[PDB]
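Working notes, structure below.
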Amino acid sequence: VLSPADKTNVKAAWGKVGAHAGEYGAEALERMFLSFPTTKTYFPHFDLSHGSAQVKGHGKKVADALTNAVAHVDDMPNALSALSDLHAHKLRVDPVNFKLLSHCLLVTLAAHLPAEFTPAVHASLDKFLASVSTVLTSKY
Amino acid sequence: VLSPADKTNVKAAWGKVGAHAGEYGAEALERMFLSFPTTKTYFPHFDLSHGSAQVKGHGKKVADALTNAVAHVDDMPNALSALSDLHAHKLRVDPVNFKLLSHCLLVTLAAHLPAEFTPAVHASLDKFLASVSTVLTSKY
Amino acid sequence: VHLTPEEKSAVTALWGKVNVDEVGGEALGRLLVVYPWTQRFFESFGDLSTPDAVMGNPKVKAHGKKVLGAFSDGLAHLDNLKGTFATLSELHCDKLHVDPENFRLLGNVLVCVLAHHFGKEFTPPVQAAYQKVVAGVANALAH
Amino acid sequence: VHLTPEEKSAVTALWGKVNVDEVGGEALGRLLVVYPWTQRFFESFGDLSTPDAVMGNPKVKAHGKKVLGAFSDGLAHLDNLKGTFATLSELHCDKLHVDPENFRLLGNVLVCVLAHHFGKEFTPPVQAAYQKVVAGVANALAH
Ligand code: HEM
Ligand code: HEM
Ligand code: HEM
Ligand code: HEM
């Protein structure tokens, strides 16, 4: 469960992320693939090399989904229903991989926004990403 | 996130549990203390022997909390605000211990209600106990 | 896994009354139902949509029999779990890419299945002994 | 921990540029803030209510220095982590009753702190090498 303070923290952090969302998501996906190779088994049709156009496009899609989730934080299960159906019913992704991707997103945000990554913002983003992972993994 | 199907399954299972809730909770606490001794550190003032009145009373309290959570399944986050305050801000319990107690409750229900413990009911109760644990571990 | 003589005697006595075909498939099917992300490994089995279809799958029953055979082999070598499950650990870590948390989940599901089957005689001490047994088995597979 | 020579060279070069006194304290404080249940083990450190009070705690800073010293000792003995972290594993398991997942949590927080401090220097390959290092360290403490 998210508090209003952490909700405001996440909103401000992703608002200042802004237009670099696609690059940040692509870098997070690249970090996940490099440091947790078992996550590569979910993308057997993808080109998982550095600078891949497929990885860049998927990172842009993930970043857009995260922006939508931020804009609809109070109704996440109803805003991420399509992604929940995709990840839970069709892809059947292990939630451990969601944890790994959330950590890689946190690492990317820390590396690209040193000033905004205060401990409070780090905790708020951790809780926000945990909530997002919960909805996508759950089937309802 | 829970669905109407597993919500109804949990409601029916707890209705079948009925008045044996106190003894079921006491037995679940005894199982958790016996099989996961690290959980005993959260009760340093308790007498954790077999058949203890303190453990019986705490099991009754846990069972009543679970009953009210079932009664307020759609509004659990604010229906369990006092318990979230107690466990998250004051006691600071690791969510691993909530996982262990949920497993022990599932084992107790399996042992005491064989016919009612279908795979669907098992999955429904697992998901319901995961959500109750998340509300009581979340700090909002 | 270090067990007391009483715990070992209780574990062996309870395992003696286990039906190998029924308990193994039931545990595997309950795993596939309660944790639906585990059907990604068993898509090759066939229809796994409804709980009744998961629990009525001959391939699920046969694989549960194999899993319980592995569990019994581990029980017979409680002092050599790491060496007993070396080949299975290699298979699950390299060729199947199974997360180590799923081993703990399956062990807990098996404990729930044993409680379901035995009822009152699945005492908290017996459950504790089986809990540390399955913990050791899962730690061997994760290695 | 198995690392390539290039990965080991990269890990060591970043580690030399690491300010131990700040990095260890920041990692410990961020762990205590992001995962508030970890303050149960450190309630003896004084005021840990707000994040600013957690990060301004001399006890937290000193303990983070000790933790990062242990991390450096493990880094120098990457081939003998299990034997190096035997006393610490005993202390954390038998006396402190710390769950093994908290070790992985602290490792991830340390990786995030390193990324925060180094920025572009924390490339994905360096992060992968450090992830292997911290995973190996966490397992040795868990043993
Ligand atoms: C916060 C976490 C995540 C978010 C916001 C997210 C979001 C998305 C989005 C927006 C898509 C595009 C769907 C489409 O274009 O049809 C997608 C697809 C996909 N996701 Fe995720 N995802 C997350 C986590 C994960 C993780 C951790 C994995 C695997 C380890 C994963 C595996 C996939 C796969 C395989 C696809 C299919 C893409 C394709 O086939 O081109 N997702 N996800
Ligand atoms: C999982 C579902 C749980 C429920 C429904 C629950 C519910 C409750 C209730 C109703 C109380 C009594 C509140 C009061 O007396 O004012 C309580 C107290 C307490 N709970 Fe829980 N609890 C759960 C899990 C846990 C776990 C897993 C632990 C530790 C491993 C724990 C540790 C405690 C402690 C230490 C107390 C204080 C007891 C006392 O002061 O006498 N709880 N809980
Ligand atoms: C935790 C204790 C476990 C035991 C004792 C066990 C035992 C076994 C054994 C003996 C085999 C060999 C089957 C054969 O050679 O045909 C096997 C294969 C396999 N295991 Fe496990 N297993 C465990 C956990 C898991 C879990 C949790 C999963 C998935 C979530 C899994 C996925 C698989 C798969 C996909 C196969 C291959 C099946 C096939 O090729 O038909 N295992 N396991
Ligand atoms: C990679 C992970 C970790 C490492 C390398 C590490 C290392 C250390 C070191 C070097 C000490 C000092 C021992 C001494 O001075 O004799 C220590 C003590 C301690 N550790 Fe850790 N630790 C880790 C994880 C954790 C975590 C995650 C927690 C809590 C959630 C924890 C709780 C404690 C406590 C409470 C002490 C004693 C502090 C005191 O008594 O003031 N440790 N650890």
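Using the numbering of Swiss-Prot, the residues shown for chain B are 2-141, in order.
Heads up, header says this was done by electron microscopy, 2.9 Å.
Just so it is clear, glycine is given a Cβ too, placed from its N, Cα and C backbone atoms.
These features come from Swiss-Prot:
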MOD_RES   B:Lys8  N6-succinyllysine
CARBOHYD  B:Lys8  glycation site
MOD_RES   B:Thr9  phosphothreonine
SITE      B:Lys12  site 'Not glycated'
MOD_RES   B:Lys12  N6-succinyllysine
MOD_RES   B:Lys17  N6-succinyllysine
CARBOHYD  B:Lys17  glycation site
MOD_RES   B:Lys41  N6-succinyllysine
CARBOHYD  B:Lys41  glycation site
SITE      B:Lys57  site 'Not glycated'
BINDING   B:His59  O2 binding site
SITE      B:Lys61  site 'Not glycated'
CARBOHYD  B:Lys62  glycation site
BINDING   B:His88  heme b binding site
SITE      B:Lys91  site 'Not glycated'
SITE      B:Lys100  site 'Not glycated'
MOD_RES   B:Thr109  phosphothreonine
MOD_RES   B:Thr135  phosphothreonine
MOD_RES   B:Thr138  phosphothreonine
Listed in sequence order, residues with CB under 8 A of B:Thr109 (phosphothreonine) and six or more positions away: B:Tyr25, B:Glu28, B:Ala29, B:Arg32
Inter-residue C-alpha distance, B:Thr135 (phosphothreonine) and B:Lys8 (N6-succinyllysine) (nearest angstrom): 16
CB contacts for B:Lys61 (site 'Not glycated') [other CB atoms within 10 A, all chains]: 16
Most Cβ neighbours inside 10 Å, all chains, among the recorded positions B:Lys62, B:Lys91: B:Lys62
Residue with minimal Cβ packing [other Cβ atoms within 10 Å] among the modified residues B:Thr9, B:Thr135, B:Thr138: B:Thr9
Filtered recorded positions, from B:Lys62, B:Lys100, B:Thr135, whose Cβ is under 6 Å from an atom of ligand 2: B:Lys62
Those recorded positions listed as B:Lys8, B:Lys41, B:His59, B:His88, and which of them has the most Cβ atoms within 10 Å of its own Cβ: B:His88
DSSP-derived class (H/G/I helix, E/B strand, else coil) of B:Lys17 (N6-succinyllysine): helix
For B:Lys100 (site 'Not glycated'), the number of other Cβ atoms found within 10 Å of its own Cβ: 17
Three-state secondary structure, which DSSP defines for B:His88 (heme b binding site): helix
Distance from B:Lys12 (site 'Not glycated') back to B:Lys62 (glycation site), taken between C-alpha atoms, in Å: 19
Cβ contacts of B:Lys17 (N6-succinyllysine) (under 8 Å, same chain, 6 or more positions away): B:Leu114, B:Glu117
Packing count at B:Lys57 (site 'Not glycated') (other Cβ atoms within 10 Å of its Cβ): 17
Local Cβ density at B:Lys12 (site 'Not glycated') - other Cβ atoms counted within 10 Å: 15
Whole-number Å value for how far B:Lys91 (site 'Not glycated') lies from B:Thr9 (phosphothreonine) (Cα to Cα): 33
